[PDB]
Structure formats: structure tokens, C-alpha cells
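**Q** Mind looking over this structure? Questions follow.
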Amino acid sequence: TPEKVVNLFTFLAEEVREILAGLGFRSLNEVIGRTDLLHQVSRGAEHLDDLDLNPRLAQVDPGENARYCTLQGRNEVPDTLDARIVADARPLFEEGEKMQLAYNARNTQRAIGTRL
Amino acid sequence: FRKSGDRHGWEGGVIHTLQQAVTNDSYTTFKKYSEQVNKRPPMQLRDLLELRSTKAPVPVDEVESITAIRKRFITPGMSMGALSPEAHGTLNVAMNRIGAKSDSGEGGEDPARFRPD
């Protein structure tokens with residue numbers, strides 16, 4: 001039943017909310033990348049291994065730009081001639097009539113006629 | 001036209017070449033037609049003139065597209081009376097197909113042709 005998944009996700013959300021509350025911070029956008037909050041402990045006084053996760057615990061100090069996606073919206077791509085094609089074929093979108101076009105192409109026009 | 005007469009704008013070979021070039025859909029035949037037209041003695045004033053440029057020849061793949069130039073030509077007015085409905089209708093649809101503008105000509109037009117089929 002979908003309500004099962006509903007309650008599952010709600011319980012997980014409440015748990016992470018309480019965990020971050022007890023941790024001290026106020027929002028998730030401030031703990032992402034602050035990897036100095038983790039520490040390595042041992043398994044016990046019987047295994048006697050030397051596992052060192054330090055080759056992960058290091059990080060690079062970013063500086064100006066943040067440690068998350070600060071840029072909403074996708075990174076657009078340069079458009080080919082097909083955009084200009086749309087600007088010419090208005091009657092096909094406003095009345096529904098045939099059209100016959102012609103152009104001079106080069107090998108630098110990627111994926112022509114897709115947006116149409 | 002008469003063989004004993006002087007020059008004329010529309011001869012016979014000219015028309016046959018044009019019609020065959022249009023039907024066969026081959027640009028080489030149209031080039032042949034244009035050469036057959038330009039190689040006649042002067043008949044109009046514009047023929048006396050000649051182009052001349054001082055720039056350098058450029059590759060033909062940098063100038064405007066075919067449609068960007070076809071959007072300039074039109075077909076002047078033709079009366080519905082002195083024509084048959086078939087010819088004027090075909091001209092009208094053929095001009096509207098590529099985006100250029102046709103004409104109506106004096107004599108009105110059938111209102112039933114206001115919406116596409």
C-alpha cells in the first residue's frame with residue numbers, strides 16, 4: 001500500500017531531523033562538506049588491524065564558491081541552425097500547413113532538426 | 001514569331017528547355033537554359049549594362065540560405081476570370097507552401113478557400 005512508503009519516508013525524515021537537531025546545526029546546507037566532524041574509532045582490542053580511513057577524511061578548502069549547487073537551472077548548450085528553422089516555420093505551428101525548406105549545411109551542425 | 005522575323009523574348013527552344021528543366025528537376029538543365037538566354041544580341045536596356053566588382057571571390061557557402069532569399073519573390077495579380085480556377089489555385093498553394101506571398105488580382109476570390117483542407 002502506498003501509505004506504507006509514505007510513513008517510511010516520513011519516519012526517516014523525522015529521524016534525520018532529530019539527529020541534526022541533537023548535533024547542533026540548523027540546516028543541512030551547512031554540514032555538507034564539513035568533513036572534520038567525523039572521527040575514526042577502533043573495532044576492539046582483539047582484532048589488531050591498522051585500518052586508516054584518513055585517505056578519505058582530507059578535503060580541499062573551496063574558498064569563494066560554496067560546497068553545493070549554487071546555480072539553479074541547467075547549463076544550456078549552443079544552438080544550431082534548427083532554432084532559426086523554428087522561427088521560419090510559424091504557419092506549421094499556428095495553422096498546420098505543409099512546408100518546404102532548404103539550407104546549406106556544414107559538418108559543424110550537430111543533431112539538426114531535433115528541436116523541430 | 002516567324003522564322004523570317006527578327007529576335008523575340010520567348011522563342012521555342014527557350015520554352016522547351018525551361019519546361020524540361022522544371023520537370024526533370026535538374027539544375028544543370030536550368031543553367032543551360034540561362035546560358036541559352038544570356039547569349040543573344042542586346043534586346044533590352046539592362047542588357048547593355050555589365051557587373052563589375054573590385055572585391056575577392058568568396059565561397060558560395062557563406063551567403064544567405066535559399067529560403068532567406070525566396071522569402072522575397074512574389075507573383076503579381078492574376079484575375080480569376082481570365083484564368084481557370086485550377087491554374088490560379090495551384091499558383092496560390094505553391095506560393096503559400098514555401099512562405100512567399102502570392103497575389104489575388106482583380107476579380108475577387110472564392111470565399112470557400114479561406115481555410116485549409
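Simple scheme: letters A, B, ... for chains in C-alpha cells order, numbers from 1 for residues in each chain, numbers from 1 for ligands in the order shown.
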Per DSSP on the backbone, what are the helix (DSSP H, G or I) residues of range 74-106 of chain A, as a PyMOL selection string?

**A** chain A and resi 82-88+91-94

**Q** Could you list, as a PDB file with C-alpha atoms, in the first residue's frame, the residues of chain B having an atom within 7 Å of chain A when counting only C-alpha atoms?

**A**
ATOM      1  CA  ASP B  61      28.542  28.659 -48.653  1.00  0.00           C
ATOM      2  CA  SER B  65      20.220  30.442 -47.443  1.00  0.00           C
ATOM      3  CA  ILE B  66      17.839  29.588 -50.264  1.00  0.00           C
ATOM      4  CA  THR B  67      14.735  30.255 -48.168  1.00  0.00           C
ATOM      5  CA  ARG B  97       3.843  26.457 -49.399  1.00  0.00           C
ATOM      6  CA  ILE B  98       7.352  27.956 -49.315  1.00  0.00           C
TER       7      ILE B  98
END

**Q** Near residue 99 in chain B, counting only C-alpha atoms, which residues have an atom at most 8 Å away, once you skip same-chain residues fewer than 3 positions from it, shown as a JSON list (two decimals) with N, CA and C atoms, in the first residue's frame?

**A**
[["chain", "number", "residue", "atom", "x", "y", "z"],
["A", 99, "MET", "N", 5.26, 22.59, -45.50],
["A", 99, "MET", "CA", 6.38, 23.49, -45.66],
["A", 99, "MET", "C", 7.52, 22.77, -46.38],
["B", 71, "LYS", "N", 12.06, 34.15, -49.68],
["B", 71, "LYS", "CA", 11.05, 34.93, -48.97],
["B", 71, "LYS", "C", 10.85, 36.32, -49.56],
["B", 95, "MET", "N", 2.73, 29.09, -53.92],
["B", 95, "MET", "CA", 3.41, 30.23, -53.32],
["B", 95, "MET", "C", 3.28, 30.21, -51.80],
["B", 96, "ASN", "N", 2.12, 29.81, -51.28],
["B", 96, "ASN", "CA", 1.96, 29.74, -49.84],
["B", 96, "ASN", "C", 2.79, 28.63, -49.21]]

**Q** Write out as a list in words the residues lying within 8 Å of range 106-114 of chain B, counting only C-alpha atoms and excluding same-chain residues fewer than 6 positions away.

**A**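 Within the cut-off, the hits are residues 77, 78, 79, 80 and 81 of chain B.
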
**Q** Please write the residues from the selection above to a file, keeping N, CA, C and O atoms, as an mmCIF file, in the first residue's frame.

**A**
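Generated output (out.cif):
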data_model
loop_
_atom_site.group_PDB
_atom_site.id
_atom_site.type_symbol
_atom_site.label_atom_id
_atom_site.label_comp_id
_atom_site.auth_asym_id
_atom_site.auth_seq_id
_atom_site.Cartn_x
_atom_site.Cartn_y
_atom_site.Cartn_z
ATOM 1 N N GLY B 77 -0.639 40.124 -59.563
ATOM 2 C CA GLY B 77 -2.057 39.816 -59.586
ATOM 3 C C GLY B 77 -2.481 39.164 -60.890
ATOM 4 O O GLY B 77 -2.037 39.540 -61.975
ATOM 5 N N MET B 78 -3.355 38.170 -60.771
ATOM 6 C CA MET B 78 -3.953 37.494 -61.912
ATOM 7 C C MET B 78 -5.446 37.357 -61.661
ATOM 8 O O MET B 78 -5.858 36.927 -60.580
ATOM 9 N N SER B 79 -6.250 37.726 -62.653
ATOM 10 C CA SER B 79 -7.695 37.720 -62.481
ATOM 11 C C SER B 79 -8.241 36.300 -62.492
ATOM 12 O O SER B 79 -7.794 35.448 -63.265
ATOM 13 N N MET B 80 -9.224 36.048 -61.626
ATOM 14 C CA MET B 80 -9.868 34.740 -61.597
ATOM 15 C C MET B 80 -10.693 34.495 -62.853
ATOM 16 O O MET B 80 -10.899 33.341 -63.243
ATOM 17 N N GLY B 81 -11.159 35.556 -63.502
ATOM 18 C CA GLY B 81 -11.947 35.405 -64.709
ATOM 19 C C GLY B 81 -11.123 34.953 -65.895
ATOM 20 O O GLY B 81 -11.405 33.913 -66.497
#

**Q** When you look at range 12-17 of chain A with a cut-off of 12 Å (counting only C-alpha atoms), what residues show up, excluding the ones that are within fewer than 6 positions of it in the same chain? I need them as an NGL selection string.

**A** :A and (5-6 or 23-28)

**Q** Can you pull out every residue within 12 Å of range 17-22 of chain B, counting only C-alpha atoms, but drop anything in the same chain fewer than 5 positions away, and send it as a ChimeraX atom specification?

**A** /B:10-12,27-37

**Q** Smallest atom-to-atom distance to residue 89 in chain B: which of B:102, B:70, B:16, B:62, using only C-alpha atoms?

**A**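 Looking at the shortest contact to residue 89 in chain B, the residue is B:102.
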
**Q** Compile the contact shell of residue 80 in chain A as a ChimeraX atom specification: residues with an atom at most 12 Å away, counting only C-alpha atoms, same-chain residues fewer than 4 positions apart removed.

**A** /A:84-86,105-116
